[PDB]
$ cat protein-v3.csv   # CSV, C-alpha atoms and all ligand atoms
chain,number,residue,atom,x,y,z
A,1050,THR,CA,15.1,-18.2,32.5
A,1051,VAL,CA,12.7,-15.6,34.1
A,1052,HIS,CA,9.4,-17.0,35.2
A,1053,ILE,CA,6.2,-15.1,34.3
A,1054,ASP,CA,2.8,-15.7,35.9
A,1055,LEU,CA,0.2,-14.5,33.4
A,1056,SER,CA,-2.6,-14.5,36.1
A,1057,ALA,CA,-1.0,-11.2,37.2
A,1058,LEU,CA,-2.5,-9.3,34.2
A,1059,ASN,CA,-5.1,-6.6,34.4
A,1060,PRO,CA,-8.7,-8.1,34.5
A,1061,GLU,CA,-10.1,-5.3,32.3
A,1062,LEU,CA,-7.3,-5.8,29.8
A,1063,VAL,CA,-7.8,-9.6,29.6
A,1064,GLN,CA,-11.6,-9.0,29.2
A,1065,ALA,CA,-11.1,-6.5,26.3
A,1066,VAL,CA,-8.6,-8.7,24.5
A,1067,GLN,CA,-11.0,-11.8,24.5
A,1068,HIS,CA,-12.3,-11.2,20.9
A,1069,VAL,CA,-8.7,-11.4,19.6
A,1070,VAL,CA,-7.8,-14.4,21.7
A,1071,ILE,CA,-7.7,-17.8,20.0
A,1072,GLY,CA,-8.5,-20.9,22.2
A,1073,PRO,CA,-5.7,-23.5,22.7
A,1074,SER,CA,-8.0,-26.1,21.0
A,1075,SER,CA,-9.0,-23.8,18.2
A,1076,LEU,CA,-5.4,-23.6,16.7
A,1077,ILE,CA,-3.0,-26.3,15.4
A,1078,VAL,CA,0.5,-24.9,14.9
A,1079,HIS,CA,2.6,-27.1,12.6
A,1080,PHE,CA,6.0,-26.4,14.1
A,1081,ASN,CA,7.3,-29.0,11.6
A,1082,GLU,CA,6.9,-26.8,8.5
A,1083,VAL,CA,8.4,-23.3,8.6
A,1084,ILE,CA,7.0,-20.9,5.9
A,1085,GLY,CA,8.7,-17.7,6.9
A,1086,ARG,CA,11.5,-16.3,9.1
A,1087,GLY,CA,12.0,-12.8,10.6
A,1088,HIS,CA,14.3,-11.1,13.2
A,1089,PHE,CA,11.5,-11.4,15.9
A,1090,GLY,CA,10.6,-15.0,15.2
A,1091,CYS,CA,9.7,-17.8,12.8
A,1092,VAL,CA,6.5,-18.2,10.9
A,1093,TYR,CA,4.8,-21.6,10.7
A,1094,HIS,CA,1.9,-23.0,8.7
A,1095,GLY,CA,-1.2,-23.3,11.0
A,1096,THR,CA,-4.7,-24.7,11.0
A,1097,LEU,CA,-7.5,-22.6,12.6
A,1103,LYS,CA,-14.2,-25.8,8.9
A,1104,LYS,CA,-10.3,-25.8,8.8
A,1105,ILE,CA,-8.5,-22.7,7.3
A,1106,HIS,CA,-4.8,-22.3,6.5
A,1107,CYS,CA,-3.1,-19.6,8.5
A,1108,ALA,CA,0.3,-18.2,9.2
A,1109,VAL,CA,1.5,-18.4,12.8
A,1110,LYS,CA,4.4,-16.3,13.9
A,1111,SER,CA,6.1,-17.4,17.1
A,1112,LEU,CA,7.5,-14.3,18.9
A,1113,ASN,CA,10.2,-14.2,21.5
A,1114,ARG,CA,9.1,-15.2,25.0
A,1115,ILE,CA,7.7,-12.1,26.8
A,1116,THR,CA,8.9,-11.9,30.4
A,1117,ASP,CA,7.6,-8.5,31.7
A,1118,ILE,CA,3.8,-8.2,32.4
A,1119,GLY,CA,4.0,-4.6,31.3
A,1120,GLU,CA,5.3,-5.7,27.9
A,1121,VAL,CA,2.6,-8.4,27.9
A,1122,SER,CA,0.0,-5.7,28.3
A,1123,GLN,CA,1.4,-3.7,25.4
A,1124,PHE,CA,1.3,-6.9,23.3
A,1125,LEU,CA,-2.4,-7.2,24.1
A,1126,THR,CA,-3.1,-3.5,23.4
A,1127,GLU,CA,-1.4,-3.8,20.0
A,1128,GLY,CA,-3.5,-6.9,19.3
A,1129,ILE,CA,-6.8,-5.0,19.8
A,1130,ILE,CA,-5.8,-2.0,17.7
A,1131,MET,CA,-4.3,-4.2,14.9
A,1132,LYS,CA,-7.5,-6.4,15.0
A,1133,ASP,CA,-9.4,-3.2,13.9
A,1134,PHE,CA,-7.1,-2.6,10.9
A,1135,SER,CA,-9.5,-4.7,8.8
A,1136,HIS,CA,-9.7,-4.0,5.0
A,1137,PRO,CA,-9.6,-6.1,1.8
A,1138,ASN,CA,-6.2,-4.7,1.0
A,1139,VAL,CA,-4.6,-4.9,4.4
A,1140,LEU,CA,-3.3,-8.1,6.1
A,1141,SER,CA,-6.0,-8.6,8.7
A,1142,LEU,CA,-5.1,-10.3,12.1
A,1143,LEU,CA,-7.0,-13.5,12.7
A,1144,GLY,CA,-6.0,-13.4,16.4
A,1145,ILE,CA,-3.3,-13.7,19.1
A,1146,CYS,CA,-2.2,-16.6,21.3
A,1147,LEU,CA,-0.2,-16.7,24.5
A,1148,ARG,CA,1.1,-20.0,26.0
A,1149,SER,CA,2.4,-20.7,29.5
A,1150,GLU,CA,5.5,-18.7,30.5
A,1151,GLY,CA,4.6,-16.0,27.9
A,1152,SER,CA,5.3,-17.6,24.5
A,1153,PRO,CA,3.3,-15.4,22.1
A,1154,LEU,CA,1.8,-16.6,18.8
A,1155,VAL,CA,0.5,-14.1,16.2
A,1156,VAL,CA,-2.0,-15.6,13.8
A,1157,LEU,CA,-2.3,-14.2,10.3
A,1158,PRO,CA,-4.2,-15.2,7.1
A,1159,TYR,CA,-2.1,-17.5,4.9
A,1160,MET,CA,-0.9,-15.8,1.7
A,1161,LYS,CA,-0.7,-18.4,-1.0
A,1162,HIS,CA,1.5,-16.3,-3.3
A,1163,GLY,CA,3.8,-14.9,-0.7
A,1164,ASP,CA,5.3,-11.5,-0.9
A,1165,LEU,CA,4.6,-9.2,-3.8
A,1166,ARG,CA,8.3,-8.7,-4.8
A,1167,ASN,CA,9.2,-12.4,-5.1
A,1168,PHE,CA,5.9,-12.9,-7.0
A,1169,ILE,CA,6.6,-10.4,-9.7
A,1170,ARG,CA,10.3,-11.4,-10.0
A,1171,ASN,CA,9.2,-15.0,-10.7
A,1172,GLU,CA,10.1,-15.8,-14.4
A,1173,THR,CA,7.4,-18.4,-14.6
A,1174,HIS,CA,4.8,-15.6,-14.2
A,1175,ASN,CA,3.5,-13.6,-17.2
A,1176,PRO,CA,2.2,-10.3,-15.9
A,1177,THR,CA,0.7,-7.6,-18.2
A,1178,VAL,CA,0.8,-3.9,-17.6
A,1179,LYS,CA,-2.8,-4.2,-16.5
A,1180,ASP,CA,-1.9,-6.8,-13.8
A,1181,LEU,CA,0.9,-4.8,-12.4
A,1182,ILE,CA,-1.0,-1.5,-12.3
A,1183,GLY,CA,-3.8,-3.5,-10.6
A,1184,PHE,CA,-1.5,-4.6,-7.8
A,1185,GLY,CA,-0.3,-1.0,-7.4
A,1186,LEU,CA,-4.0,0.1,-7.2
A,1187,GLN,CA,-4.7,-2.5,-4.5
A,1188,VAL,CA,-1.7,-1.2,-2.5
A,1189,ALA,CA,-3.0,2.3,-2.8
A,1190,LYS,CA,-6.4,1.1,-1.5
A,1191,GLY,CA,-4.8,-0.6,1.5
A,1192,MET,CA,-2.8,2.6,2.2
A,1193,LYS,CA,-5.8,4.8,1.7
A,1194,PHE,CA,-7.4,2.8,4.5
A,1195,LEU,CA,-4.3,2.8,6.7
A,1196,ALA,CA,-3.9,6.6,6.3
A,1197,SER,CA,-7.6,7.1,7.3
A,1198,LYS,CA,-6.7,5.4,10.6
A,1199,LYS,CA,-3.9,8.0,11.0
A,1200,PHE,CA,-1.4,5.1,10.7
A,1201,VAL,CA,2.0,5.8,9.1
A,1202,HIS,CA,3.6,2.6,7.7
A,1203,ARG,CA,7.2,3.7,7.5
A,1204,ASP,CA,8.3,0.6,5.6
A,1205,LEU,CA,6.1,0.4,2.5
A,1206,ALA,CA,7.8,-1.7,-0.2
A,1207,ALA,CA,6.9,-4.6,-2.5
A,1208,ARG,CA,8.6,-7.0,-0.2
A,1209,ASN,CA,6.2,-5.9,2.6
A,1210,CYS,CA,3.0,-6.6,0.7
A,1211,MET,CA,1.6,-10.0,0.2
A,1212,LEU,CA,-0.7,-11.9,-2.3
A,1213,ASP,CA,-3.5,-14.3,-1.6
A,1214,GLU,CA,-5.1,-17.1,-3.8
A,1215,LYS,CA,-7.4,-14.6,-5.5
A,1216,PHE,CA,-4.4,-12.3,-6.3
A,1217,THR,CA,-5.6,-9.8,-3.7
A,1218,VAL,CA,-2.7,-7.7,-2.5
A,1219,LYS,CA,-2.5,-7.1,1.3
A,1220,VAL,CA,-0.4,-4.3,2.7
A,1221,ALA,CA,1.4,-6.2,5.5
A,1222,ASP,CA,4.5,-5.8,7.8
A,1223,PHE,CA,2.8,-3.7,10.4
A,1224,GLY,CA,1.7,-3.9,14.1
A,1225,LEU,CA,2.4,-7.3,15.5
A,1226,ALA,CA,3.5,-8.5,12.0
A,1227,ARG,CA,6.3,-5.8,11.8
A,1228,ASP,CA,9.7,-7.3,11.0
A,1229,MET,CA,12.6,-7.7,8.5
A,1230,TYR,CA,11.6,-10.8,6.6
A,1244,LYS,CA,19.5,-1.0,8.0
A,1245,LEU,CA,16.7,1.6,7.5
A,1246,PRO,CA,15.0,1.2,4.1
A,1247,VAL,CA,16.8,4.3,2.8
A,1248,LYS,CA,16.0,3.8,-0.9
A,1249,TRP,CA,12.3,3.8,-0.2
A,1250,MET,CA,12.5,6.9,2.1
A,1251,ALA,CA,11.4,10.5,1.3
A,1252,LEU,CA,14.0,13.2,1.3
A,1253,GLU,CA,12.8,14.8,4.5
A,1254,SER,CA,12.8,11.5,6.3
A,1255,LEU,CA,16.4,10.8,5.3
A,1256,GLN,CA,17.3,14.2,6.7
A,1257,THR,CA,15.0,14.6,9.8
A,1258,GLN,CA,14.3,10.9,10.6
A,1259,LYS,CA,10.6,11.8,10.7
A,1260,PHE,CA,7.9,9.8,8.9
A,1261,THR,CA,4.4,10.9,7.8
A,1262,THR,CA,1.6,9.7,5.4
A,1263,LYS,CA,3.3,11.9,2.8
A,1264,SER,CA,6.6,10.0,3.3
A,1265,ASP,CA,4.6,6.8,2.8
A,1266,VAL,CA,3.4,8.3,-0.5
A,1267,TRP,CA,7.1,8.7,-1.5
A,1268,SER,CA,7.7,5.0,-0.7
A,1269,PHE,CA,4.5,4.1,-2.6
A,1270,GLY,CA,6.0,5.8,-5.7
A,1271,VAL,CA,9.1,3.6,-5.3
A,1272,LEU,CA,6.8,0.5,-4.9
A,1273,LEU,CA,5.1,1.4,-8.2
A,1274,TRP,CA,8.6,1.5,-9.8
A,1275,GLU,CA,9.3,-2.0,-8.3
A,1276,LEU,CA,6.0,-3.2,-9.8
A,1277,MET,CA,6.7,-1.9,-13.4
A,1278,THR,CA,10.3,-3.3,-13.4
A,1279,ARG,CA,9.1,-6.7,-12.0
A,1280,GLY,CA,11.1,-6.3,-8.7
A,1281,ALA,CA,14.3,-4.6,-9.7
A,1282,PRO,CA,16.3,-3.1,-6.8
A,1283,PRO,CA,15.9,0.7,-6.9
A,1284,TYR,CA,19.0,2.8,-7.7
A,1285,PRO,CA,21.0,-0.4,-8.5
A,1286,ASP,CA,24.5,1.2,-8.6
A,1287,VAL,CA,24.0,3.8,-5.7
A,1288,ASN,CA,25.8,3.6,-2.4
A,1289,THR,CA,23.0,3.4,0.2
A,1290,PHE,CA,25.1,5.6,2.6
A,1291,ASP,CA,24.8,8.5,0.1
A,1292,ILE,CA,21.2,8.4,-1.3
A,1293,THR,CA,20.4,11.9,0.0
A,1294,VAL,CA,23.4,13.3,-2.0
A,1295,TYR,CA,22.3,11.4,-5.1
A,1296,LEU,CA,18.7,12.7,-4.9
A,1297,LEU,CA,19.9,16.3,-4.2
A,1298,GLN,CA,21.9,16.3,-7.4
A,1299,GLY,CA,18.5,16.5,-9.1
A,1300,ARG,CA,17.7,12.8,-9.7
A,1301,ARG,CA,14.8,10.3,-9.7
A,1302,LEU,CA,14.3,6.7,-10.7
A,1303,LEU,CA,14.2,6.3,-14.5
A,1304,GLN,CA,10.9,5.4,-16.2
A,1305,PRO,CA,10.7,1.6,-16.5
A,1306,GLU,CA,10.4,0.4,-20.1
A,1307,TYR,CA,6.9,-1.0,-19.6
A,1308,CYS,CA,5.7,1.9,-17.4
A,1309,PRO,CA,2.9,4.0,-19.1
A,1310,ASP,CA,3.7,7.7,-19.2
A,1311,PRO,CA,0.8,8.8,-17.0
A,1312,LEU,CA,1.9,6.2,-14.4
A,1313,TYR,CA,5.4,7.6,-14.4
A,1314,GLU,CA,3.9,11.1,-14.0
A,1315,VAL,CA,2.2,9.7,-10.9
A,1316,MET,CA,5.5,8.4,-9.6
A,1317,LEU,CA,7.1,11.8,-10.1
A,1318,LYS,CA,4.2,13.3,-8.1
A,1319,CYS,CA,4.8,10.8,-5.3
A,1320,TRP,CA,8.4,12.1,-5.1
A,1321,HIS,CA,7.6,15.8,-5.1
A,1322,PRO,CA,10.3,17.6,-3.2
A,1323,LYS,CA,7.5,19.3,-1.1
A,1324,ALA,CA,5.7,16.7,1.0
A,1325,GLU,CA,2.4,18.7,1.1
A,1326,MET,CA,2.3,18.8,-2.7
A,1327,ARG,CA,2.4,15.0,-3.0
A,1328,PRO,CA,-1.0,13.3,-3.8
A,1329,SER,CA,-3.0,11.7,-1.0
A,1330,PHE,CA,-3.6,8.0,-1.2
A,1331,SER,CA,-7.2,8.9,-1.9
A,1332,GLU,CA,-6.1,10.9,-5.0
A,1333,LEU,CA,-3.7,8.0,-5.9
A,1334,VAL,CA,-6.6,5.4,-5.8
A,1335,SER,CA,-8.6,7.7,-8.1
A,1336,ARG,CA,-5.8,8.5,-10.6
A,1337,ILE,CA,-4.5,4.9,-10.7
A,1338,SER,CA,-8.1,3.4,-11.1
A,1339,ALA,CA,-8.5,5.6,-14.2
A,1340,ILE,CA,-5.1,4.6,-15.8
A,1341,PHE,CA,-5.8,0.9,-14.9
A,1342,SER,CA,-9.2,1.0,-16.7
A,1343,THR,CA,-7.5,1.9,-20.0
A,1344,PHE,CA,-5.7,-1.5,-20.3
A,1345,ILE,CA,-7.1,-4.8,-21.5
A,1346,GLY,CA,-4.3,-7.1,-20.6
A,1347,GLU,CA,-2.5,-7.1,-24.0
A,1348,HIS,CA,0.8,-5.6,-23.0
A,1349,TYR,CA,3.2,-8.1,-21.5
A,1350,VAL,CA,5.9,-6.8,-19.1
A,1351,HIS,CA,9.3,-8.3,-19.5
A,1352,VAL,CA,12.4,-8.3,-17.5
A,1353,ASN,CA,15.2,-5.7,-18.0
A,1354,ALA,CA,18.6,-7.4,-18.8
A,1355,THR,CA,20.5,-4.9,-16.7
A,1356,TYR,CA,18.5,-5.7,-13.5
A,1357,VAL,CA,18.8,-9.5,-13.7
A,1358,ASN,CA,20.8,-10.9,-10.8
A,1359,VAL,CA,21.4,-7.4,-9.3
A,1360,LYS,CA,21.3,-7.6,-5.5
A,1361,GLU,CA,19.3,-5.2,-3.4
B,1,LIG,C1,10.2,-12.2,1.7
B,1,LIG,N1,9.1,-12.2,2.6
B,1,LIG,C2,8.3,-11.2,3.1
B,1,LIG,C3,7.5,-11.8,4.0
B,1,LIG,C4,6.5,-11.1,4.8
B,1,LIG,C5,6.2,-9.7,4.4
B,1,LIG,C6,5.3,-9.0,5.1
B,1,LIG,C7,4.7,-9.6,6.2
B,1,LIG,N2,3.8,-9.2,7.1
B,1,LIG,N3,3.5,-10.2,7.9
B,1,LIG,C8,4.3,-11.3,7.6
B,1,LIG,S1,4.3,-12.8,8.3
B,1,LIG,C9,3.6,-13.9,7.1
B,1,LIG,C10,2.2,-13.8,6.8
B,1,LIG,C11,1.6,-14.6,5.9
B,1,LIG,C12,2.3,-15.6,5.2
B,1,LIG,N4,1.7,-16.4,4.3
B,1,LIG,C13,2.4,-17.3,3.7
B,1,LIG,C14,3.7,-17.5,3.9
B,1,LIG,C15,4.4,-16.7,4.8
B,1,LIG,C16,3.7,-15.7,5.5
B,1,LIG,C17,4.3,-14.9,6.4
B,1,LIG,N5,5.0,-10.9,6.5
B,1,LIG,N6,5.9,-11.7,5.8
B,1,LIG,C18,7.8,-13.1,4.1
B,1,LIG,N7,8.8,-13.4,3.2
B,2,CL,CL,-2.1,-4.6,-20.5

$ encode --input "protein-v3.csv" --output "structure tokens" --more "lines below"
Ligand SMILES: Cn1cc(-c2ccc3nnc(Sc4ccc5ncccc5c4)n3n2)cn1
Ligand SMILES: [Cl-]
Amino acid sequence: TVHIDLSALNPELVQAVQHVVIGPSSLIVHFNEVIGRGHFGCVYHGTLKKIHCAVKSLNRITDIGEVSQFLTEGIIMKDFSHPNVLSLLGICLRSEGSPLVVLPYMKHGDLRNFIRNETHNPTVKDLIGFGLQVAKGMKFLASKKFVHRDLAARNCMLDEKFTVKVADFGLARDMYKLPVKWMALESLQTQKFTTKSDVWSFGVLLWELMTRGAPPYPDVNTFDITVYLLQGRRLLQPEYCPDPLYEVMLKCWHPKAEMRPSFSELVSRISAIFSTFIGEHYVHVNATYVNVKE
């Protein structure tokens, strides 16, 4: 019930955030049709020529300090612009501090549900291509010294050109329960995350891709994944995963974080493997993974 007067905000901060601000007449949020839902708010179809967008309605912000941090995050996120990264269209703030985050609309939704869909017919080439795109997005994000911490197929999205966008970061961060099965050994133990721990998660994402969205370690008690790994174990090679790509996954899971490939090396290696395929190998679903909850 707290009142907030927005006119109390820093003049320099309101000036610097202008290029990220969307006018009240520039945006039409269709509160009728919900397209997504997270812990921090619902996502609605929006109209921003008229372009489709995704509008996330955050919880009403009541402290002007927290408003300032929301604006600062907007400016930084705005500059995380890359073909393979979900790229912020702008931010909106209504009377009494009702924030709207405006993102490009992703026609094909999240990458995990896309690959799981039985009506889709991916080839090895298609799936490796998606993996390659994710590596390019992460290469960019690492160059901005940004550590994602929650890289997973569920957190990447696909547009109408089948361009993959690394998403779920900055103002778009949400659960749409740490993601322990995507976490590097050292992160499970020290709770610290780096670009090299993102490379571990990326290897798990490649495994998700080649299994068409199987839950990793299907029969492993989440509360014991460190013990399981320390027995001397990794995810098995998916049936339709090429040997060199499985070799890349094993590199992503190197026990020594500094020995893992950079995203730059991953883009290079995966571009080469991708180039060898012509789209003749269809990837089918493993009977033992069908209906297994994650
Ligand atoms: C299962 N699932 C995962 C997501 C998701 C993932 C990352 C992520 N990073 N930002 C957002 S919000 C968003 C962004 C674009 C959309 N485009 C179409 C439909 C829903 C959309 C939702 N997301 N949403 C939504 N459902
Ligand atoms: Cl192929």

$ residues_around --input "protein-v3.csv" --residues "stretch 1184-1201 of chain A" --least-positions-apart "4" --cutoff "8 Å" --atoms "only C-alpha atoms" --output "VMD selection string"
chain A and resid 1134 1136 to 1139 1180 1210 1217 to 1220 1260 to 1262 1265 1269 1272 to 1273 1276 1329 to 1331 1333 to 1334 1337 to 1338 1341

$ closest_residue --input "protein-v3.csv" --among "A:1324, A:1316, A:1165, A:1340" --to "ligand LIG 1 (chain B)" --atoms "all atoms listed in the file"
A:1165

$ closest_residue --input "protein-v3.csv" --among "A:1277, A:1131, A:1084, A:1287" --to "ligand LIG 1 (chain B)" --atoms "only C-alpha atoms and all ligand atoms"
A:1084

$ closest_residue --input "protein-v3.csv" --among "A:1158, A:1346, A:1322, A:1280" --to "ligand LIG 1 (chain B)" --atoms "all atoms listed in the file"
A:1158

$ closest_atom_pairs --input "protein-v3.csv" --of "chain A" --to "ligand CL 2 (chain B)" --cutoff "9 Å" --atoms "all atoms listed in the file" --output "JSON lines"
{"residue": "A:1176", "atom": "CA", "partner": "B:CL2", "partner_atom": "CL", "distance": 8.5}
{"residue": "A:1177", "atom": "CA", "partner": "B:CL2", "partner_atom": "CL", "distance": 4.7}
{"residue": "A:1178", "atom": "CA", "partner": "B:CL2", "partner_atom": "CL", "distance": 4.2}
{"residue": "A:1179", "atom": "CA", "partner": "B:CL2", "partner_atom": "CL", "distance": 4.1}
{"residue": "A:1180", "atom": "CA", "partner": "B:CL2", "partner_atom": "CL", "distance": 7.1}
{"residue": "A:1181", "atom": "CA", "partner": "B:CL2", "partner_atom": "CL", "distance": 8.6}
{"residue": "A:1182", "atom": "CA", "partner": "B:CL2", "partner_atom": "CL", "distance": 8.8}
{"residue": "A:1341", "atom": "CA", "partner": "B:CL2", "partner_atom": "CL", "distance": 8.7}
{"residue": "A:1343", "atom": "CA", "partner": "B:CL2", "partner_atom": "CL", "distance": 8.5}
{"residue": "A:1344", "atom": "CA", "partner": "B:CL2", "partner_atom": "CL", "distance": 4.8}
{"residue": "A:1345", "atom": "CA", "partner": "B:CL2", "partner_atom": "CL", "distance": 5.1}
{"residue": "A:1346", "atom": "CA", "partner": "B:CL2", "partner_atom": "CL", "distance": 3.3}
{"residue": "A:1347", "atom": "CA", "partner": "B:CL2", "partner_atom": "CL", "distance": 4.3}
{"residue": "A:1348", "atom": "CA", "partner": "B:CL2", "partner_atom": "CL", "distance": 4.0}
{"residue": "A:1349", "atom": "CA", "partner": "B:CL2", "partner_atom": "CL", "distance": 6.4}
{"residue": "A:1350", "atom": "CA", "partner": "B:CL2", "partner_atom": "CL", "distance": 8.4}

$ residues_around --input "protein-v3.csv" --residues "residue A:1171" --least-positions-apart "2" --cutoff "12 Å" --atoms "all atoms listed in the file" --output "list in words"
residues 1162, 1163, 1164, 1165, 1166, 1167, 1168, 1169, 1173, 1174, 1175, 1176, 1279, 1280, 1281, 1351, 1352 and 1357 of chain A

$ closest_residue --input "protein-v3.csv" --among "A:1125, A:1089, A:1255, A:1327" --to "residue A:1230" --atoms "only C-alpha atoms"
A:1089

$ residues_near_ligand --input "protein-v3.csv" --ligand "ligand LIG 1 (chain B)" --cutoff "10 Å" --atoms "all atoms listed in the file" --output "NGL selection string"
:A and (1083-1087 or 1090-1094 or 1106-1110 or 1139-1142 or 1155-1168 or 1205-1213 or 1219-1230)

$ residues_around --input "protein-v3.csv" --residues "residue A:1319" --least-positions-apart "3" --cutoff "7 Å" --atoms "only C-alpha atoms" --output "list in words"
residues 1266, 1267, 1270, 1315, 1316, 1327 and 1328 of chain A

$ atom_distance --input "protein-v3.csv" --atom1 "atom CA of residue A:1057" --atom2 "atom CA of residue A:1119"
10.2 Å

$ atom_distance --input "protein-v3.csv" --atom1 "atom CA of residue A:1095" --atom2 "atom CA of residue A:1079"
5.6 Å
